[PDB]
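**Student:** pasting the sequence and an experimental structure:
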Amino acid sequence: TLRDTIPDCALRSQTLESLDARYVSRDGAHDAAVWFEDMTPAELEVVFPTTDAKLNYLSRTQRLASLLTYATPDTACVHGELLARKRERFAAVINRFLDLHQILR
Amino acid sequence: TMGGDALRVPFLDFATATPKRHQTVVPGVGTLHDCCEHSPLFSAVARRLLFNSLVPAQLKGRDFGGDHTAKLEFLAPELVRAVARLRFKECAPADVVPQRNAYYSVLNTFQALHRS
Amino acid sequence: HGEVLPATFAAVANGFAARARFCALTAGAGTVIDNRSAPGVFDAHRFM
Amino acid sequence: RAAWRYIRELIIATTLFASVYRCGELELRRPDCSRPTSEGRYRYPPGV
Ligand SMILES: [Zn+2]
């Protein structure tokens, strides 16, 4: 009793809105289940087999994407300037963090 | 003497599609994916609603709601009547046998601090 | 002669005797849950 | 050194398990103890 949506649909040649109107938006829809399918692909678990490893990659690619979009002619975005300032300050901070410990010796 | 109602809740064995190699156990709730521990937006709400039971009523404040700390644990009556008719799946038997043990054991270290 | 050798010999041998005795006394017990074979133990190892 | 490492891992894992899952007690024991009584009885108590 109280079946899920995956035993309900059984057909996947359609658009999302049709299925919405046919299974979840009908007045007679019993809607008596909540079960989120596992969407991670095995072709990705076999290489990143750890939530920490799946999060480090998910953050590295996020940083890459945020670098690529900010690097017709508007160019007047505060986020590009913020990323530039952050990169410059990070470079200048690591600069005075290796030399400072070179001096202390 | 027994504290609040947040440290006595039943199982609520909803479901999970994640392998046991990943799932973690947040106290007070069931067993969820591991990604729910690196997200403070959840691991700071599911943990504050627990310790909001150990806190006595003389320490919630001065105008905090009669029965509970409304600023943390309050659901409108419409939302309570709406989530009442929400029903999760049911855990598989071979999976509910150890899930209930993990749940009621990760909670014992709280019903044990409330006594010491 | 001194009473050292036949005392330290016993004191040393008793440890290994007890270890080999505990290794074989538990094999004959009630329900054994030997987990040296791992068909489905990786999940419960990584979770814990 | 590789044995000291495994012993340290076992001890710290047992401590953290006693701290997290308060249900268990986990008396970390050794089989070399428990010398025998009057005759053929060893009475190994619970533990790991
Ligand atoms: Zn912008």
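**Tutor:** Received, thanks. Numbering: from 1, shown residues only, chains lettered A, B, ... in the order given.

**Student:** now the most centrally placed residue in chain B, nearest residue through space, not along the chain?
**Tutor:** For chain B, residue B:28 is the residue whose C-alpha lies nearest the centre (Cα atoms, centre = their mean; 2.6 Å). Of all residues not flanking residue B:28 in the chain, residue B:50 sits nearest, at 4.8 Å (Cβ to Cβ, 6 or more residues apart in numbering or on different chains). For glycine as for every other residue, the C-beta is placed from the backbone atoms N, C-alpha and C.

**Student:** who are the contact partners of the one you found?
**Tutor:** Taking Cβ atoms under 8 Å, 6 or more residues apart in numbering or on different chains as the criterion, residue B:50 is in contact with B:6, B:7, B:27, B:28, B:110.

**Student:** so it versus the ion, what's the distance?
**Tutor:** Using Cβ to the ion, to the nearest Å, residue B:50 is found at 39 Å from the ion.

**Student:** secondary structure element for that residue?
**Tutor:** Element membership of residue B:50 [criterion: DSSP states H and E] is helix B:48-54.

**Student:** list phi and psi for residue B:25.
**Tutor:** Residue B:25 adopts backbone torsions of phi -120, psi 110, taken as degrees, to the nearest 10.

**Student:** that one reaches residue B:103, doesn't it?
**Tutor:** Yes - between residue B:25 and residue B:103 there is a contact under Cβ atoms under 8 Å: 6.4 Å.

**Student:** what sits in contact with each of the two?
**Tutor:** Shared contacts of residue B:25 and residue B:103, defined by Cβ under 8 Å, 6+ apart, comprise residue B:31.

**Student:** in chain D, what residue lies closest to chain C?
**Tutor:** Per Cβ to the nearest Cβ, residue D:31 is where chain D lies closest to chain C, at 3.7 Å.

**Student:** all helices for chain B, in order.
**Tutor:** Remark: helices assigned in chain B by DSSP state H are B:40-43, B:48-54, B:77-84, B:93-106, B:108-111.

**Student:** close to chain D, is the lengthiest helix in chain C?
**Tutor:** Taking DSSP H as the criterion, chain C has its longest helix at helix C:5-25. Yes - contact of helix C:5-25 with chain D (Cβ under 8 Å from any Cβ of the partner chain) involves C:14, C:15, C:18, C:19, C:21, C:22, C:23, C:25.

**Student:** what sits against the third one?
**Tutor:** Right, residue C:18. D:31, D:32, D:33, D:34, D:35.

**Student:** assign the spatially most central residue of chain A to helix, strand or coil.
**Tutor:** For chain A, the residue nearest the mean C-alpha position is residue A:58 (6.3 Å; Cα atoms, centre = their mean). Secondary structure for residue A:58, judged by DSSP: H, G, I helix; E, B strand; the rest coil, is helix.

**Student:** state the distance from residue A:78 to chain D.
**Tutor:** Distance, residue A:78 to chain D, by Cβ to the nearest Cβ, to the nearest Å: 45 Å.

**Student:** how close does that residue sit to residue A:35?
**Tutor:** Distance, residue A:78 to residue A:35, by Cβ to Cβ, to the nearest Å: 42 Å.

**Student:** in terms of neighbours, single out the busier of the two.
**Tutor:** residue A:35 (14 against 7; other Cβ atoms under 10 Å in any protein chain shown).

**Student:** relative to residue B:20, how far out is residue A:53?
**Tutor:** For residue A:53 relative to residue B:20 (Cβ to Cβ), the value is 17 Å.

**Student:** higher neighbour count, those two?
**Tutor:** residue B:20 (19 against 12).

**Student:** circling back to that earlier point, quick one: the residue nearest to the centre of chain B and residue B:46 touch, right?
**Tutor:** Yes - with contact defined as Cβ under 8 Å, residue B:28 reaches residue B:46; the gap is 6.4 Å.

**Student:** what residues does chain B put near chain D?
**Tutor:** B:105, B:106, B:108, B:109, B:112.

**Student:** kindly recompute the last result at 10 Å.
**Tutor:** Proximity of chain B to chain D (Cβ under 10 Å from any Cβ of the partner chain) is limited to residues B:25, B:27, B:101-102, B:104-113.

**Student:** of the residues you listed, just the buried ones, PyMOL syntax please.
**Tutor:** The PyMOL selection below is limited to those of the residues of chain B next to chain D classed as buried (16 or more other Cβ atoms under 10 Å in any protein chain shown):
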select buried, chain B and resi 25+27+102+105+106+107+110
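
**Student:** need the max-distance pair from the residues of chain B next to chain D.
**Tutor:** Farthest-apart pair in those is B:101 and B:113; separation 20.0 Å (Cβ to Cβ).
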